[PDB]
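S.K.: Got a structure for you, written out below as structure tokens; questions coming shortly.
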Amino acid sequence: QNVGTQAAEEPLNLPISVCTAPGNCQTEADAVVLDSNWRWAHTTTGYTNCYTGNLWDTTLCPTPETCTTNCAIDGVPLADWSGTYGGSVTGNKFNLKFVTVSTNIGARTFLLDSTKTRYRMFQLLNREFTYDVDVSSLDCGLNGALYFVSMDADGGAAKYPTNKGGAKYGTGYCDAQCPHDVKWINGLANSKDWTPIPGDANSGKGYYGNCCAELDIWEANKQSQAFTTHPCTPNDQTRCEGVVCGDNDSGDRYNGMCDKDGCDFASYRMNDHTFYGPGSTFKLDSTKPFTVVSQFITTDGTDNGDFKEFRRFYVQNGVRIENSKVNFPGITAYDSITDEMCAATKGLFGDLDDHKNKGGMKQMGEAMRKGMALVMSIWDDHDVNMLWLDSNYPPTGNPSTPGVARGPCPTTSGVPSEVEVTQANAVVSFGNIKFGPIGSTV
């Protein structure tokens, strides 16, 4: 995309901590940038929309190349962050409102480095990543997500010279779902064969998808939470078409370059329904804030080893809370993501181990070694109504069959039109982000 001249781009300042030992950290003066999908797209030498509602203008965008020549994405000024997009920062806390009323629904954002010209790339192997979260106002159907993806640090600017904005304009998004709803891919409008998504007034799908590796630290609302590894072959940003995208709609979910299911550790799905929930007698009380700690263990305990284990623990009101465990007869009580856990649990659930097909923890680790961009988002799910996270999936499945039940939400929950009314004022908060060696962040 070209860059427009109507509004300066002003990312929100967000300090994080880089740590060397427990309680010995230094501030890193980073910032938050809005994903290019949420930006106004208009004519390069005017005010005329190139995209309105869920459609590209066919006169301006008869082809992707012409669209890209004629159109530009514009900046987010400071005033518009809260007023238009529902984003705000207080000290080291970042807040994202779900619906902001001209009416904005959801948000996806990235962490910029201290220069505000590149994404802050995190080399996560043999490191610990930690943050405080509040998901108390997110119920069934919503997801306040924090995760990493194998985006380029410059959003693709060096690879795709028609991308003028780079990381500064939140470009280059890709993930392990190979999404077609990304409006700008490889420096070009994804306007070919663009199709609105029914019941989604703001979104559509273009000819291409954009694939890359994804490490989900946090997919969650107050009812259920998960962390998940998604390797791809290769891991780096890859525009896809046809079978390579692994499109759900053509029966290709397991035929593409990315592991779409991922290998998940989701406490409720692993059959501990009392670990996490909205109340003081759950082990971890989702009505109150808490700290989420993630440790990325290698084979030799060094930065050069292969990724072998994703460990997790929590801190809430000064109380250390170890992760829940897998709880099925004849299955080891795993409390972390490893290749063995993935094989054993997917075996039990009858899920295809595409994680293993894509190179497993080792391949996931190669993405983490090269460095990944931090994503913070809030969203509802127009495909599957978040049932995969917090309900029975498939909805018609027996909840006593291992793998089906992922949370207590009813299978009628999560319809975007309903959650966008009922949960309009939901806000996820991510704060006090800390990064360092294992054992350094609490």
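Here, A, B, ... name the chains of the structure tokens in the order displayed, residue numbers run from 1 inside each chain, and ligands are numbered from 1 in the same displayed order.
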Could you give me, as a list in words, the residues within 8 Å of residue 290 of chain A, counting only C-alpha atoms and dropping anything in the same chain fewer than 2 positions from it?
M.R.: residues 132, 133, 134, 286, 288, 292, 314, 315, 316 and 317 of chain A
S.K.: If you count only C-alpha atoms, which residues fall within 7 Å of residue 135 of chain A, apart from same-chain ones fewer than 5 positions away, as a PDB file with N, CA and C atoms, in the first residue's frame?
M.R.:
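Now in out.pdb:
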```pdb
ATOM      1  N   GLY A 144      -9.847 -12.159  23.769  1.00  0.00           N
ATOM      2  CA  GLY A 144      -8.800 -11.157  23.939  1.00  0.00           C
ATOM      3  C   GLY A 144      -7.487 -11.893  23.822  1.00  0.00           C
ATOM      4  N   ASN A 221     -11.228 -15.863  27.030  1.00  0.00           N
ATOM      5  CA  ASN A 221     -12.170 -14.973  27.677  1.00  0.00           C
ATOM      6  C   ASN A 221     -12.239 -15.419  29.153  1.00  0.00           C
ATOM      7  N   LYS A 222     -13.224 -14.930  29.906  1.00  0.00           N
ATOM      8  CA  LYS A 222     -13.341 -15.299  31.314  1.00  0.00           C
ATOM      9  C   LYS A 222     -13.736 -16.776  31.549  1.00  0.00           C
ATOM     10  N   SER A 286     -10.838 -15.631  36.963  1.00  0.00           N
ATOM     11  CA  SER A 286     -10.852 -14.758  35.789  1.00  0.00           C
ATOM     12  C   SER A 286     -11.651 -13.452  35.956  1.00  0.00           C
ATOM     13  N   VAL A 428     -10.359  -5.772  26.904  1.00  0.00           N
ATOM     14  CA  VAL A 428      -9.206  -6.551  27.358  1.00  0.00           C
ATOM     15  C   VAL A 428      -8.063  -5.596  27.719  1.00  0.00           C
TER      16      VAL A 428
END
```
S.K.: Would you pick out the contacts of residue 160 of chain A at 6 Å or less, using only C-alpha atoms, so that residues sharing its chain but fewer than 4 positions from it are not included, and give the list as a compact mmCIF listing (two decimals) with C-alpha atoms, in the first residue's frame?
M.R.:
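Result written to part-v2.txt:
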```txt
# COMPACT_ATOMS: atom_id res chain seq x y z
CA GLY A 156 7.46 -6.64 4.13
CA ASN A 186 2.83 -8.63 -0.55
CA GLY A 187 2.49 -4.88 -0.95
```
S.K.: Point out the residue among A:111, A:438, A:263, A:372 with the least atom-to-atom distance to residue 297 of chain A, counting only C-alpha atoms.
M.R.: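 Residue with the minimum atom-to-atom distance to residue 297 of chain A: A:438.
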S.K.: Contacts of residue 30 of chain A at 8 Å or less, counting only C-alpha atoms, minus same-chain residues fewer than 4 places along, as a list in words?
M.R.: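 Result of the neighbour search: residues 13, 14, 15, 16, 111, 112, 113, 114, 115, 116 and 120 of chain A.
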S.K.: Please provide as a PyMOL selection string all residues within 8 Å of residue 267 of chain A, with the sequence filter that same-chain residues fewer than 6 positions apart are discarded (counting only C-alpha atoms).
M.R.: chain A and resi 224-226+273+275-276+324-326
S.K.: Would you compute the distance between atom CA of residue 212 of chain A and atom CA of residue 168 of chain A? Give it in Å to one decimal.
M.R.: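 Value for the atom CA of residue 212 of chain A-atom CA of residue 168 of chain A distance: 19.9 Å.
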S.K.: Find the residues near residue 56 of chain A: any atom within 10 Å, counting only C-alpha atoms, skip ones fewer than 3 places away on the same chain, and give them as a PyMOL selection string.
M.R.: chain A and resi 41+49-53+59-62+67+183+189-192+194-196+204
S.K.: Please, could you write that set of residues out with N, CA and C atoms as an mmCIF file, in the first residue's frame?
M.R.:
```
data_model
loop_
_atom_site.group_PDB
_atom_site.id
_atom_site.type_symbol
_atom_site.label_atom_id
_atom_site.label_comp_id
_atom_site.auth_asym_id
_atom_site.auth_seq_id
_atom_site.Cartn_x
_atom_site.Cartn_y
_atom_site.Cartn_z
ATOM 1 N N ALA A 41 -8.751 3.373 3.683
ATOM 2 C CA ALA A 41 -8.114 3.225 2.371
ATOM 3 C C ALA A 41 -8.811 4.143 1.369
ATOM 4 N N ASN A 49 -13.006 6.983 -0.982
ATOM 5 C CA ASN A 49 -12.782 5.640 -0.452
ATOM 6 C C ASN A 49 -12.481 4.645 -1.561
ATOM 7 N N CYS A 50 -11.442 3.843 -1.358
ATOM 8 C CA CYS A 50 -11.175 2.676 -2.189
ATOM 9 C C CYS A 50 -11.867 1.446 -1.630
ATOM 10 N N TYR A 51 -12.181 1.469 -0.335
ATOM 11 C CA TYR A 51 -12.865 0.387 0.352
ATOM 12 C C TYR A 51 -13.904 1.009 1.278
ATOM 13 N N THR A 52 -15.149 0.552 1.175
ATOM 14 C CA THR A 52 -16.236 1.029 2.035
ATOM 15 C C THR A 52 -17.078 -0.148 2.499
ATOM 16 N N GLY A 53 -17.333 -0.213 3.805
ATOM 17 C CA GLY A 53 -18.108 -1.306 4.385
ATOM 18 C C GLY A 53 -17.316 -2.588 4.239
ATOM 19 N N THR A 59 -14.328 0.622 -9.749
ATOM 20 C CA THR A 59 -13.740 1.569 -10.695
ATOM 21 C C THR A 59 -12.286 1.854 -10.327
ATOM 22 N N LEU A 60 -12.013 2.037 -9.040
ATOM 23 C CA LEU A 60 -10.646 2.291 -8.577
ATOM 24 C C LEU A 60 -9.787 1.031 -8.492
ATOM 25 N N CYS A 61 -10.430 -0.118 -8.275
ATOM 26 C CA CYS A 61 -9.729 -1.374 -8.022
ATOM 27 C C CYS A 61 -10.204 -2.517 -8.933
ATOM 28 N N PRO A 62 -10.153 -2.309 -10.268
ATOM 29 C CA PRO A 62 -10.533 -3.379 -11.196
ATOM 30 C C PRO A 62 -9.542 -4.543 -11.168
ATOM 31 N N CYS A 67 -5.615 -1.035 -8.248
ATOM 32 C CA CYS A 67 -6.037 -0.671 -6.893
ATOM 33 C C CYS A 67 -4.863 -0.100 -6.099
ATOM 34 N N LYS A 183 -6.413 -7.334 3.855
ATOM 35 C CA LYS A 183 -6.687 -6.447 2.730
ATOM 36 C C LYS A 183 -5.463 -6.101 1.892
ATOM 37 N N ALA A 189 -3.041 -4.625 -2.821
ATOM 38 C CA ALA A 189 -4.419 -4.825 -2.393
ATOM 39 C C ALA A 189 -4.818 -6.256 -2.725
ATOM 40 N N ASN A 190 -5.458 -6.931 -1.778
ATOM 41 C CA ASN A 190 -5.936 -8.291 -1.989
ATOM 42 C C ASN A 190 -7.371 -8.219 -2.527
ATOM 43 N N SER A 191 -7.567 -7.436 -3.585
ATOM 44 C CA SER A 191 -8.896 -7.087 -4.084
ATOM 45 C C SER A 191 -9.460 -8.058 -5.130
ATOM 46 N N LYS A 192 -8.630 -8.964 -5.648
ATOM 47 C CA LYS A 192 -9.078 -9.922 -6.667
ATOM 48 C C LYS A 192 -10.100 -10.880 -6.052
ATOM 49 N N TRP A 194 -12.775 -10.389 -4.497
ATOM 50 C CA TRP A 194 -13.135 -10.021 -3.138
ATOM 51 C C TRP A 194 -14.597 -10.321 -2.880
ATOM 52 N N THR A 195 -14.859 -10.987 -1.766
ATOM 53 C CA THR A 195 -16.200 -11.413 -1.407
ATOM 54 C C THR A 195 -16.509 -10.942 0.009
ATOM 55 N N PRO A 196 -17.583 -10.145 0.188
ATOM 56 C CA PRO A 196 -18.020 -9.832 1.553
ATOM 57 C C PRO A 196 -18.308 -11.090 2.373
ATOM 58 N N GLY A 204 -14.314 -8.876 4.384
ATOM 59 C CA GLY A 204 -14.442 -9.780 3.256
ATOM 60 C C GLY A 204 -13.193 -10.621 3.089
#
```
S.K.: If you run DSSP on the backbone, which residues of segment 186-346 of chain A are helix (DSSP H, G or I), as a PDB file with C-alpha atoms, in the first residue's frame?
M.R.:
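This went into result.pdb:
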```
ATOM      1  CA  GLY A 242      -5.281 -22.701  -3.838  1.00  0.00           C
ATOM      2  CA  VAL A 243      -4.450 -25.727  -1.692  1.00  0.00           C
ATOM      3  CA  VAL A 244      -1.392 -24.090  -0.015  1.00  0.00           C
ATOM      4  CA  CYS A 245      -3.697 -21.857   2.094  1.00  0.00           C
ATOM      5  CA  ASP A 339       5.842 -33.229  20.987  1.00  0.00           C
ATOM      6  CA  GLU A 340       4.867 -36.217  23.165  1.00  0.00           C
ATOM      7  CA  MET A 341       1.929 -34.334  24.760  1.00  0.00           C
ATOM      8  CA  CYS A 342       0.743 -33.324  21.276  1.00  0.00           C
ATOM      9  CA  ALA A 343       0.914 -36.895  19.929  1.00  0.00           C
ATOM     10  CA  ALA A 344      -0.749 -38.439  23.013  1.00  0.00           C
ATOM     11  CA  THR A 345      -3.602 -35.924  23.351  1.00  0.00           C
ATOM     12  CA  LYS A 346      -4.354 -35.689  19.620  1.00  0.00           C
TER      13      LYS A 346
END
```
S.K.: Could you name the residues that touch residue 388 of chain A at 12 Å or less, counting only C-alpha atoms, but leaving out those on the same chain fewer than 5 positions away, as a ChimeraX atom specification?
M.R.: /A:140-143,219-220,224-226,261,264,266,268-269,381,383,393-395,397,403-411,413-414
S.K.: Please determine, counting only C-alpha atoms, which residue among A:322, A:152, A:68, A:296 has the shortest atom-to-atom distance to residue 238 of chain A.
M.R.: A:152
S.K.: Measuring atom to atom with only C-alpha atoms, identify which of A:35, A:181, A:303, A:420 is nearest to residue 365 of chain A.
M.R.: A:303
S.K.: So how far away is atom CA of residue 167 of chain A from atom CA of residue 121 of chain A, in Å?
M.R.: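 Pair atom CA of residue 121 of chain A / atom CA of residue 167 of chain A returns 11.3 Å.
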S.K.: So, counting only C-alpha atoms, which residue among A:73, A:319, A:361, A:258 is closest to residue 338 of chain A?
M.R.: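 Of all the options, A:361 lies closest to residue 338 of chain A.
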S.K.: With DSSP run on the backbone, what are the strand (DSSP E) residues within segment 239-332 of chain A? I'd like them as an NGL selection string.
M.R.: :A and (239-240 or 263-265 or 276-277 or 284-285 or 290-298 or 307-316 or 319-322)
S.K.: Between A:228, A:203, A:123, A:44, which has the minimum distance to residue 367 of chain A (counting only C-alpha atoms)?
M.R.: A:123
S.K.: I'd like the interatomic distance between atom CA of residue 77 of chain A and atom CA of residue 109 of chain A, to a tenth of an Å.
M.R.: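 Interatomic distance, atom CA of residue 77 of chain A to atom CA of residue 109 of chain A: 14.6 Å.
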